[PDB]
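First comes the structure, then the notes that go with it.
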Protein chains: 2
Amino acid sequence: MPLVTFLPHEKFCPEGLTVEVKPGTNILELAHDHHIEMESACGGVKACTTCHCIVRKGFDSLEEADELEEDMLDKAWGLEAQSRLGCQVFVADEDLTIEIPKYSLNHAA
Amino acid sequence: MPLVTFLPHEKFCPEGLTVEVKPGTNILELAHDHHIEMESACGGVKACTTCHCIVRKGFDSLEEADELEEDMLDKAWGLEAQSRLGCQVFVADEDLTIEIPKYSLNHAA
Ligand code: FES
Ligand code: FES
Ligand SMILES: [Cl-]
Ligand SMILES: [Cl-]
Ligand code: NA
Ligand code: NA
């Protein structure tokens with residue numbers, strides 16, 4: 001059973017979180033299940049950047065981002081080679097380590 | 001009568017805004033009066049960074065930031081010499097030009 005690790009984040013998960021999950025688990029859904037309140041402005045349909053995360057371990061196990069996701073990621077703060085939209089990340093067969101970025105696009109409540 | 005200029009921002013004010021205002025006008029209040037929906041998470045009491053702005057013209061006309069404001073600004077994305085918390089900016093006797101930052105601390109809705 002793959003482990004997902006959320007790295008510590010001052011706002012969303014100060015102590016971090018490590019959890020065993022089934023293959024096919026959605027990262028955004030998992031975060032919300034554990035009250036890691038990652039924003040999901042567009043409702044998880046690859047139309048914002050608020051669920052931006054960086055998959056620092058296990059990125060290469062994941063299904064490749066589609067064009068819609070890649071186009072949104074081009075707009076994100078702090079884009080990296082392992083950036084993903086959290087709403088589109090589904091755990092496969094390997095452990096993942098997820099960093100939630102410190103910064104994001106400034107937007108209205 | 002001083003002019004306040006908000007520089008164009010993709011999310012908050014795509015075309016920018018220039019308005020004549022009375023001395024003593026609060027920048028956050030003014031922005032909201034013109035549906036420039038700058039976030040004000042703490043309710044305008046110098047306890048967050050969501051109203052962060054950069055006063056690119058007229059900064060030196062303003063009352064100096066107090067210690068509470070300076071301590072919050074130390075936490076803001078993209079801190080500059082002319083950074084202020086918008087909720088604490090009151091127009092004095094000179095025109096102001098205000099830039100709303102592109103990025104901010106990533107936080108929950
Ligand atoms: S919640 Fe908008 S792209 Fe993920
Ligand atoms: S609204 Fe929180 S410091 Fe200005
Ligand atoms: Cl972003
Ligand atoms: Cl900020
Ligand atoms: Na904001
Ligand atoms: Na956010």
Side-chain angles (χ1 to χ4, degrees), chain A, chain B residues 9-12 14 37-42 48-50 52 74-79 100-109:
Chain A
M1 193 152 276
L3 296 188
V4 174
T5 298
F6 289 91
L7 295 172
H9 188 289
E10 19 116 51
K11 299 195 178 292
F12 296 111
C13 47
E15 318 172 48
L17 176 99
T18 304
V19 65
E20 275 176 331
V21 306
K22 288 188 72 167
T25 298
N26 181 273
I27 284 300
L28 179 62
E29 285 177 15
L30 179 67
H32 289 167
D33 286 350
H34 292 273
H35 315 292
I36 298 173
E37 309 295 349
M38 290 175 93
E39 184 177 13
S40 50
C42 75
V45 301
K46 302 176 278 198
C48 71
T49 63
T50 68
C51 67
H52 183 208
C53 64
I54 304 174
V55 188
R56 294 211 181 277
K57 293 189 188 170
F59 172 92
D60 312 281
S61 70
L62 300 174
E63 181 180 7
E64 291 174 19
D66 77 350
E67 198 176 73
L68 292 159
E69 173 171 358
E70 293 280 3
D71 292 346
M72 283 314 305
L73 288 175
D74 281 346
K75 304 172 192 195
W77 177 82
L79 180 65
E80 293 187 22
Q82 305 156 316
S83 285
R84 292 296 311 280
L85 294 176
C87 66
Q88 303 301 312
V89 181
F90 295 86
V91 180
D93 60 338
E94 307 282 346
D95 298 348
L96 305 181
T97 294
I98 307 293
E99 176 185 287
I100 299 165
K102 182 161 182 184
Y103 308 104
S104 63
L105 284 165
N106 189 6
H107 64 287
Chain B
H9 188 289
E10 19 116 51
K11 299 195 178 292
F12 296 111
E37 309 295 349
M38 290 175 93
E39 184 177 13
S40 50
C42 75
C48 71
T49 63
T50 68
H52 183 208
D74 281 346
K75 304 172 192 195
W77 177 82
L79 180 65
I100 299 165
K102 182 161 182 184
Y103 308 104
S104 63
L105 284 165
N106 189 6
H107 64 287

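Below, each value reflects all heavy atoms present in this structure, side chains not excepted, and no hydrogens, waters or symmetry copies. Within every chain, numbering begins at 1; the chains are lettered A, B, ... in the order of the sequence lines, protein sequences first and strands thereafter.
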- Below 4.5 Å, heavy atoms only, C-beta onward: do A:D33 and A:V19 meet side chain to side chain? no
- Query: Does some side-chain heavy atom of A:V89 sit less than 4.5 Å from a side-chain heavy atom of A:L62?
  - Reply: yes
- Task: Can you sort out the partners of A:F59 under ring pair (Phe, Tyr, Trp, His ring centres under 6.0 Å), two or more places apart, ordered by chain and number?
- Result: none
- Roughly how far, to the nearest 0.5 Å, is SG of B:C48 from CG of B:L105? 9.5 Å
- Item | Closest contact, heavy atoms only, A:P14 versus A:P8 | O-CB, 3.4 Å
- A:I27 and A:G86: which non-hydrogen atoms are nearest, and at how many Å? CB-O, 3.8 Å
- Nearest-0.5 Å distance, NZ of residue B:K102 to CH2 of residue B:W77: 9.0 Å
- Message: Nearest 0.5 angstrom please: A:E37 CD to A:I100 CD1, how far?
- Response: 10.0 Å
- Just jot down the side-chain contact (heavy atoms from CB on, under 4.5 Å) partners of A:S104, sequence neighbours excluded, or say none. B:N106
- In chain order, what residues pass the side chain to side chain donor-acceptor pair (under 3.5 Å) check against A:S83, with sequence neighbours excluded? A:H52
- Item | For the student: nearest non-hydrogen atoms of A:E70 and A:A65, plus distance | OE2-CB, 3.5 Å
- Message: Checking A:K46 now: which residues fulfil side-chain contact (heavy atoms from CB on, under 4.5 Å) with it, not counting sequence neighbours?
- Response: A:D66, A:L68, A:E69, A:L85, A:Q88
- Task: Answer whether the closest heavy-atom distance between the side chains of A:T25 and A:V4 falls below 4.5 Å.
- Result: no
- Message: Distance check, rounded to the nearest 0.5 Å: A:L7 atom CG versus A:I54 atom CD1?
- Response: 10.0 Å
- Please identify each residue that fulfils ring pair (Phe, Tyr, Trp, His ring centres under 6.0 Å) with A:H107, with sequence neighbours left out. none
- If you round to the nearest 0.5 Å, how far is CZ of A:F12 from CZ of A:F6? 11.5 Å
- Query: A:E99 pairs by salt bridge (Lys or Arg N to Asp or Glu O under 4.0 Å) with which of A:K57, A:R56, A:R84?
  - Reply: A:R56
- Message: side-chain contact (heavy atoms from CB on, under 4.5 Å), that's the test. Do A:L96 and A:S61 meet it? Break it down for me.
- Response: CA-CA 9 Å; A:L96 305 181; A:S61 70; 3.9 Å; yes
- Note on the structure: Shortest non-hydrogen pair, A:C53 vs A:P101, comes out as CA-CD, 4.1 Å
- Item | Considering all heavy atoms, the nearest A:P23-A:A92 contact | CB-O, 3.4 Å
- Note on the structure: Interatomic distance, NE2@A:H34 vs SG@A:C13, rounded to 0.5 Å, equals 11.5 Å
- Query: Looking at A:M38 and A:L28, what are the two nearest heavy atoms and their distance?
  - Reply: CB-CD1, 3.9 Å
- Without swapping roles, check the side chain of A:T50 against the backbone of A:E39 for a donor-acceptor pair under 3.5 Å. yes
- Looking at side-chain heavy atoms only, is the closest gap between A:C51 and A:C87 below 4.5 Å? yes
- Item | All side-chain contact (heavy atoms from CB on, under 4.5 Å) counterparts of A:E29, not counting sequence neighbours | A:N26
